[PDB]
There are 4 protein chains.
Amino acid sequence: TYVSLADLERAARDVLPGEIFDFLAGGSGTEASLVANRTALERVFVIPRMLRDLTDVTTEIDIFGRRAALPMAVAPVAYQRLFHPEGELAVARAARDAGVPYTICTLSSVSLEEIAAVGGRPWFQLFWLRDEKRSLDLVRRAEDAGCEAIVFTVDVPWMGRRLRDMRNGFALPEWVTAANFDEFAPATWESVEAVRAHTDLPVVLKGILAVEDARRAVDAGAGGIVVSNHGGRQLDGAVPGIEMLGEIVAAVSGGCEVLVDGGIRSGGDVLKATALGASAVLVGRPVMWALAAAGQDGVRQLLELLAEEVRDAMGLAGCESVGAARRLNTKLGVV
Amino acid sequence: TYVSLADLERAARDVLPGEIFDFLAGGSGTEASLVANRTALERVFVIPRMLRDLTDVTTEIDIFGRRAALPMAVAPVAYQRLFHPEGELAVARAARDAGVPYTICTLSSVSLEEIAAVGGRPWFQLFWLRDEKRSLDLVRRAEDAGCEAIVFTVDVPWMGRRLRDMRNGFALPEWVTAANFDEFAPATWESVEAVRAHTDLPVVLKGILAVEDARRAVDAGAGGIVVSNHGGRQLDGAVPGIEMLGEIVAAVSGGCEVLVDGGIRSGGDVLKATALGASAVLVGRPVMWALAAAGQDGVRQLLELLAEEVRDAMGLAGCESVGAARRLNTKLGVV
Amino acid sequence: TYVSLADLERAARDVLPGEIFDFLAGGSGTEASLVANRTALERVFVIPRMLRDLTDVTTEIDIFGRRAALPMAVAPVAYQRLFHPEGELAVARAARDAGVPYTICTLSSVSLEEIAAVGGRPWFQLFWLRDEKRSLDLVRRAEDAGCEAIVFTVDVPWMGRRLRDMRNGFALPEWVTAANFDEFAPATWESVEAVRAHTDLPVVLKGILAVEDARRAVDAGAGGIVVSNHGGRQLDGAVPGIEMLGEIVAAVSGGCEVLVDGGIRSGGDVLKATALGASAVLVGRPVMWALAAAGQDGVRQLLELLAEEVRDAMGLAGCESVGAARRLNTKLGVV
Amino acid sequence: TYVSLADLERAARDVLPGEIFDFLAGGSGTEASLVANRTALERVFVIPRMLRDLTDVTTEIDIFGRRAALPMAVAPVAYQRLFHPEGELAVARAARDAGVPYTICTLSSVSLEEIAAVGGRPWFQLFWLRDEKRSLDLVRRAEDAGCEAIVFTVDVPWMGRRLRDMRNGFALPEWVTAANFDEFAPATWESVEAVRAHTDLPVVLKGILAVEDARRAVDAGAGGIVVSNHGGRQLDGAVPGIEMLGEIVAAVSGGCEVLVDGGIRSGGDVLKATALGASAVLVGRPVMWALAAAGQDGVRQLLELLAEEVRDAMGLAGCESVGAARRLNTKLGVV
Ligand SMILES: Cc1cc2nc3c(=O)[nH]c(=O)nc-3n(C[C@H](O)[C@H](O)[C@H](O)COP(=O)(O)O)c2cc1C
Ligand SMILES: Cc1cc2nc3c(=O)[nH]c(=O)nc-3n(C[C@H](O)[C@H](O)[C@H](O)COP(=O)(O)O)c2cc1C
Ligand SMILES: Cc1cc2nc3c(=O)[nH]c(=O)nc-3n(C[C@H](O)[C@H](O)[C@H](O)COP(=O)(O)O)c2cc1C
Ligand SMILES: Cc1cc2nc3c(=O)[nH]c(=O)nc-3n(C[C@H](O)[C@H](O)[C@H](O)COP(=O)(O)O)c2cc1C
Ligand SMILES: O=C(O)[C@@H](O)c1ccccc1
Ligand SMILES: O=C(O)[C@@H](O)c1ccccc1
Ligand SMILES: O=C(O)[C@@H](O)c1ccccc1
Ligand SMILES: O=C(O)[C@@H](O)c1ccccc1
Ligand SMILES: O=C(O)[C@@H](O)c1ccccc1
Ligand SMILES: O=C(O)[C@@H](O)c1ccccc1
Ligand SMILES: O=C(O)[C@@H](O)c1ccccc1
Ligand SMILES: O=C(O)[C@@H](O)c1ccccc1
């Protein structure tokens, strides 16, 4: 029985081959941004409210036209068969059962149509390809398969310098492939417009950190943004999303959904993100720890733990709803 | 002979079973708030005054209609028989003899009437129960037994997630019971009004951290508040009380007594709390360390040590009275 | 050959009995103020000037009517025979030869008249005694013996709680006595006036930390103040003098000399103190390390090292005089 | 194959004699400024831009009338034969091949004419000598040999106190000499004018930290400044250049080139410096690590690694040019 997300990391480190654990855990360069994602969350303290009605505490949100059970989605993580033989299908099944959206990756190790067939609330994460038509075809495939949002990753003109992967000489095992294919181009604002024109689905720009890029995303017709430094895996020295979140929320002024990711490791961290103004969070590495440790059941247990932690934190902070949690104030401390 | 409160923790760790020490020491979640209570106090430095008249230094205060020997009371700590066979009676006797108020708990392991019969200045801490009449009956019992204040704990709609207790599988020994009974409901502002209407005693709301909740407490007719994150045992990531204290003192503008707790471990810490504007502090864990180490005599020695440290700190800071200590300025440093 | 003051501490720790080293090294309480004296200096960075005339760099100052070779004096340290058999005579001789004022203590282990007979620039440090006439007699003795200033210590209404001394059961060896005698009273502003009326010498109030106490010192006719927390030995949690220095210098606006002490361990630290506005610094523990390590010759070597470090730091910062160093700007960093 | 600059330090420590490694690695005094150079860079986070055109990312700059391949030059480091038998010739050859300017030192262990004959973009670093005519002769020699800029080091009126060198008893081996000679005087603003009047080359003042000294440098006709604390080797406690850079860039308002050095250890650090407003950086110790580890080929590999890291960081931050990188915003964090 896992009582924190840290129990799952320990379990995953035991089972996974070192080089695969490093592919999962690592960041770019000196891992400054990877560490800062945690530092930033640890500096935030919540000012809870007391004596409020908690007779019907609900962790639900509405996002992109549908109810979610928590203010949380599974982040896009490439090549999930690296962590467990059932890969993306195990994670998607658990997410569906927990009422949490699951983000299907462009670089999924099971085809997007197979993962979408699991049901639930699939979103689709897009990388822009050298061959543009390939990009727009993926978008159409995702929409045809019932994906509900296009999460366009905008912080990967190319992959960052992952020194753990370089030192390990890491390569995909022959048994893991990019199953949507039978190569990156940098995305631009023109690419965003091409995607927006090609789909009725909300387009969510993932990897926004500058306030003016958040404003421009709204002007460009984005339905959402994810304020994110890609888990510290892209620019080493990029500011944590959590540090830009409040300023971004103020600047977009309700014009789109504002999600955040990077270092969410508890329901308390979800509360902090919400209190700083996030609509919802993405969670990456912990979901893969659970997958590695115990497959679908592991992911189920993680999501049940997170759900309990979110409920606990919200109620202790005097919040009967996620909207109330967004109205909490915070104070920076020292750790 | 103990020369600091840290001597008593070492003594208590030696004698207590690990799981009981963990029940006492622990906090919720990652223990971020537990640690921050100490961090916050360690960041505060006092700007002492020199050359003032110290011919009659007094540590006494008047609070809730009676003199106390120090600006301090024993915090409510449940189930004191866990720490020593005499439990609450040992602590109450020592508090009485030292001229310090003692807070009798709803979850006391000796009945509130027995503890009140010890004499001194008993206060009574209330938890709100699912069965409302049970709550109001406890209040009436406390008043009938001569308790002087009702300390309504407002930060426990339910118990926080104590991971040490979960990992240890901690449960009360068969020989420790909730002796006031032969179950929590969240308290609301309506509950506060019901208590206020049912007693002539001052009602003190314990667990206030938001400035507007402090204001509302005054408007609600509270005689006092305790600015507190419950010793880091409730919301993990809740701001330390000491960090909100100055802002709260300014906002209530003499409308009620403003106490603080969390991490007080010396007379110097009492001085810091006073300098930040507290009327008085509560002390929890150290009192239980002393109880565990040496029963009633241990608690007596702790309170004598604290009294000496408070006198020493006040005089070295140029303060002949607690009111003068409240007029001291402070400066944050780096530790 | 010693290349830093830290070489001398290592040497002193080797030779001294543990309890005597602890009497020297220790502070009050948790030693928070002792550590903060070092933290505060380490946070200060100097903004040096370049390309200035350094053809005649001088470290000299004028203070209390006489030239000193450095902006530095030996702090009052009680009972110097604890550290070396020649005690105060060894230190005073070395100070004289280096052109540095030496502060003779009320609790000197050699009589003030003997130490004054060494020559140089003796100052005299006063503690206020229960028997007032005793205090004023010491002042007259000091003046008759040729002391040039009365350093009235104002932060010792009684001795702080030195936990190292308590734990060691420290007491003076039978062979060390208070040689000025054959008992503390708290000093007040009235005591200061009594001293000022009884002497033509400048009165310097040592242990001022509050800005208004610095202002009042000027109004009271003080010739100087020492901004000081008594080396972290009095109020545990007292702000470092170095943190109050700039504000105090601005407030007194040339009305008296403003010295600082606490944690000066290099010529660079002297430069920092000067850049923050100090007229001069006092140095305590390092002088005793040198005395313990090698007697008079040890103190000589320390003062020669400090002189070289001060000259080096001043010139590298573009300062041909101490006045120029006072006009340097500083910037706080992170350590 | 080296994947970070830290790989090269490890390699250099293995090969070099301890005292030579210490001469290279060390700083003055307590090494506070040496450490702070790294601390300051680690506190800076970049706010990257997304979705910009990256079809022709270029790391080139124009400086002092010529193109450089990166916003970087090799810092002046004395006596390079200490690190490898080919010394300055190996480093200059690699710099030439990489399109990076190389700064020839007054204290080069190969003559400036020999190093200039390598080709590339040689600059010449000047120390002011007691014998003025010697100084101006070096300037004329440098100009006659085809050096493109005079880097006048202004922070060495004399050498700082290098405690590692003092403790090691470090001296030049008989086989390393100052090859430009067959003695320091402090430089002043008059010295700067004498140099400016004696050459048509841009004069660059290296070691400026005060904003008013930067302003005065522009007024004095400097073509550039290097904002620098001399790698923590001169005044111990001098502010890092990176901490003064933004304020200096604002004050000079395009009046000269503003370079920075101290602690640059990656392409990400180059990006940070650029984002804070630097025209270019100097890199010292890492170039010598590469020289020690593998001679000319080692330096080539270092410069290729740095070039890749700079390109990577710029593109990930949305910058197609160094000018765009200068328009990035930054945010301080906690490490
Ligand atoms: C192993 C791994 C693979 C990832 N793959 C992708 C990807 O293909 N597309 C993408 O947009 N983000 C990807 N991310 C970034 C995540 O979506 C997310 O931003 C990050 O994991 C959030 O931080 P967290 O892991 O600290 O929760 C990946 C992250 C990891 C750790
Ligand atoms: C073992 C334990 C039991 C506690 N029980 C109660 C309780 O029943 N009611 C309550 O209001 N607070 C309770 N508290 C919180 C304390 O009243 C107080 O807020 C906290 O101990 C203060 O922090 P300190 O222990 O650092 O002094 C408890 C604390 C501890 C450590
Ligand atoms: C062993 C010891 C004895 C001291 N005795 C006295 C004293 O008798 N009178 C006094 O005014 N200050 C006394 N001081 C305080 C010093 O004058 C001075 O404020 C302190 O040493 C400065 O800090 P530093 O030791 O870090 O340089 C003493 C300090 C020490 C360490
Ligand atoms: C071993 C060594 C020798 C140096 N010699 C000189 C010199 O002769 N002239 C000079 O202007 N700077 C000199 N410097 C300072 C460098 O030019 C530069 O300011 C510093 O190395 C930059 O910091 P970094 O080493 O952290 O990159 C030297 C630095 C080192 C480490
Ligand atoms: O961070 C990651 O690993 C992914 O975003 C990713 C990026 C580029 C190629 C493959 C996978
Ligand atoms: O500086 C601020 O207050 C924010 O940028 C911030 C910093 C660190 C964590 C969260 C939010
Ligand atoms: O913190 C504690 O242990 C008490 O406040 C407490 C809370 C809930 C149930 C029992 C005891
Ligand atoms: O930020 C502040 O100054 C206060 O909130 C505060 C912070 C830390 C300790 C005590 C008080
Ligand atoms: O700090 C010290 O030791 C002295 O100031 C001191 C104070 C009181 C009595 C003796 C000595
Ligand atoms: O806060 C400030 O700037 C000063 O009080 C100060 C703080 C720390 C060291 C020196 C000076
Ligand atoms: O830092 C260094 O070593 C050089 O700047 C230097 C300075 C003075 C003499 C020789 C070398
Ligand atoms: O205080 C500031 O913001 C700057 O001086 C600064 C500080 C630390 C690193 C870079 C820049």
Side-chain angles (χ1 to χ4, degrees), chain A residues 45 331-334, chain B residues 36-37 39-45 239-248 260 272-273 275-276 330-333, chain C residues 23-24 26-28 75-79 105-107 125 127 153 155-160 162 165 172 178 183-184 206-207 230-234 284, chain D residues 5 20-27 34 37-38 41 73-80 82-83 103-108 125-127 151-156 159 162 165 178 206-207 226 228-234 240-241 259-265 269 281-289:
Chain A
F45 292 76
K331 189 174 194 296
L332 300 184
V334 171
Chain B
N37 288 347
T39 303
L41 278 163
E42 292 180 3
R43 286 169 67 201
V44 176
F45 292 76
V239 65
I242 203 69
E243 294 200 27
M244 301 304 301
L245 177 59
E247 193 173 1
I248 286 173
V260 68
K272 289 171 179 189
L276 295 165
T330 57
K331 189 174 194 296
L332 300 184
Chain C
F23 173 69
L24 180 57
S28 58
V77 172
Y79 301 123
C105 288
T106 286
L107 298 174
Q125 173 274 332
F127 283 130
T153 304
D155 60 3
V156 188
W158 50 79
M159 185 187 295
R162 316 286 175 79
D165 295 353
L172 293 176
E183 226 197 320
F184 285 102
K206 172 172 184 285
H230 207 110
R233 298 169 71 80
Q234 287 297 105
Chain D
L5 269 55
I20 290 178
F21 188 83
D22 278 344
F23 173 69
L24 180 57
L34 177 66
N37 288 347
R38 287 301 308 153
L41 278 163
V74 178
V77 172
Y79 301 123
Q80 293 170 22
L82 287 170
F83 313 119
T103 311
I104 299 167
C105 288
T106 286
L107 298 174
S108 57
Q125 173 274 332
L126 181 67
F127 283 130
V151 179
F152 193 170
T153 304
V154 302
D155 60 3
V156 188
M159 185 187 295
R162 316 286 175 79
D165 295 353
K206 172 172 184 285
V226 190
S228 177
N229 68 13
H230 207 110
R233 298 169 71 80
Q234 287 297 105
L259 296 81
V260 68
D261 74 11
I264 300 296
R265 302 292 178 265
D269 291 343
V281 304
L282 312 180
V283 180
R285 292 173 183 96
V287 180
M288 301 305 110
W289 301 335

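Here is the naming used below: chain letters follow the sequence lines, and residue numbers restart at 1 for every chain. In each ligand, atom 1 is the first atom listed, and ligand 1 is the first ligand listed. Computation of the quantities below employed the complete heavy-atom set of this structure, encompassing side-chain atoms and omitting hydrogens, waters and symmetry-equivalent molecules.
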Checking contacts here: is it the side chain or the backbone of [X] that comes within 4.0 Å of ligand 4, counting heavy atoms only? Could be both or neither.
X	result
D:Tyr79	neither
D:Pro76	both
D:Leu107	neither

When you look for heavy atoms under 4.0 Å from ligand 9, do you find them on the side chain of C:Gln234, its backbone, both, or neither?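 For C:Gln234, no heavy atom sits under 4.0 Å from ligand 9.
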Contact atoms of ligand 8, heavy-atom distance to B:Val44 under 4.0 Å: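 Matching atoms, with element in brackets: 9 (C), 10 (C).
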Check each atom of ligand 9 against the heavy atoms of [X] and keep those under 4.0 Å away; list them by number with element.
X	answer
C:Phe184	8 (C), 9 (C)
C:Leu107	9 (C), 10 (C), 11 (C)
C:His230	1 (O), 2 (C), 4 (C), 5 (O)

Can you tell which part of B:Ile242 has a heavy atom less than 4.0 Å from ligand 8: side chain, backbone, both or neither?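 For B:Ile242, the contact with ligand 8 is made by the backbone alone.
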Which option, B:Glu42, A:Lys331, B:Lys272, B:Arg43, owns the non-hydrogen atom nearest atom 2 (C) of ligand 8?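 The option holding the nearest heavy atom is A:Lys331.
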Option of least heavy-atom distance to atom 4 (C) of ligand 8 (set: B:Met244, B:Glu243, B:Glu247):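 The nearest heavy atom belongs to B:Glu243.
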So if I count the atoms of ligand 4 from 1 in the order they appear, which ones are less than 4.0 Å from some heavy atom of [X]?
X	value
D:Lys206	10 (C), 11 (O), 12 (N), 15 (C), 16 (C), 17 (O), 18 (C), 19 (O)
D:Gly262	22 (C), 23 (O), 26 (O)
D:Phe127	7 (C), 8 (O), 9 (N)

Going by an N to O cut-off under 4.0 Å, is there a salt bridge joining C:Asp155 and C:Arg233?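 Not counted as a salt bridge, because no side-chain N and carboxylate O are separated by less than 4.0 Å.
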